[PDB]
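Have a look below at one chain only, the form deposited in one PDB entry, in structure tokens format.
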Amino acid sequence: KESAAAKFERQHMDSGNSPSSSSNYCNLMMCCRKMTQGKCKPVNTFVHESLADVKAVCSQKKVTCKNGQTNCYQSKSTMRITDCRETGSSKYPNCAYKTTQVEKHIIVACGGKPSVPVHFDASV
């Protein structure tokens, strides 16, 4: 069971950062979205366009998936995204990331009926 001291540190301590630390976006988001459990997911992209716009990519340009699957689609326009990449100094369970703001076309794999994004393949 989590100690009261550890609980206080979790709920109330942020010694290493401040709200103005914009570079801290990936650290917090990778944590929030449960991609730092068991191991640090080394690379992950968040998309800041609407869900509707990202869903619409499944009806846009058909392209080769990096893994050779044939259900990938490239966005018709660039999108505002953030790449989160684990730093060389990063070490589990303290997963540290570099935050890179980018505007590139995205490639997603689509699946299901209706066909919706299921995997982020790449930016180009």
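Heads up: residue numbers just count along the shown sequence, starting at 1. Take the two forms, find the largest set of C-alpha atoms that superpose within 1.5 Å, and that set is the rigid core. Only residues modelled in both forms are compared.
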Item to complete: Taking the mean of the C-alpha B-factors per stretch from the entry, tell me the winner out of 29-37 and 87-95.
Response: 87-95
Practice prompt. Using only the Cα atoms and their B-factors as the entry lists them, report which of 4-12 and 115-123 averages higher.
Written response: 115-123
Worksheet item: Ranked by Cα temperature factor within the chain, is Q69 in the lowest third, the middle third or the highest third?
Response: middle
Item to complete: Taking the chain's C-alpha temperature factors as the reference, tell me which third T78 falls into: lowest, middle or highest.
Response: middle
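Separately, the form deposited in another entry exists; it is not shown, and the next lines address it.
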Worksheet item: Comparing between this form and the one not shown on the rigid core: C-alpha of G16 shifted by 2 Å or more?
Response: yes
Practice prompt. Once you account for a change of 3 Å or more, let me know if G38 and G16 sit closer or farther in that other deposited form, using their C-alpha atoms.
Written response: farther
Worksheet item: Closer or farther: how do the Cα atoms of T36 and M13 compare in that other deposited form relative to this form, given a change of at least 3 Å?
Response: farther
Worksheet item: Considering only residues present in both forms, which runs of at least 3 consecutive residues have all C-alphas displaced by 2 Å or more between this form and the one not shown after core superposition?
Response: 1-21
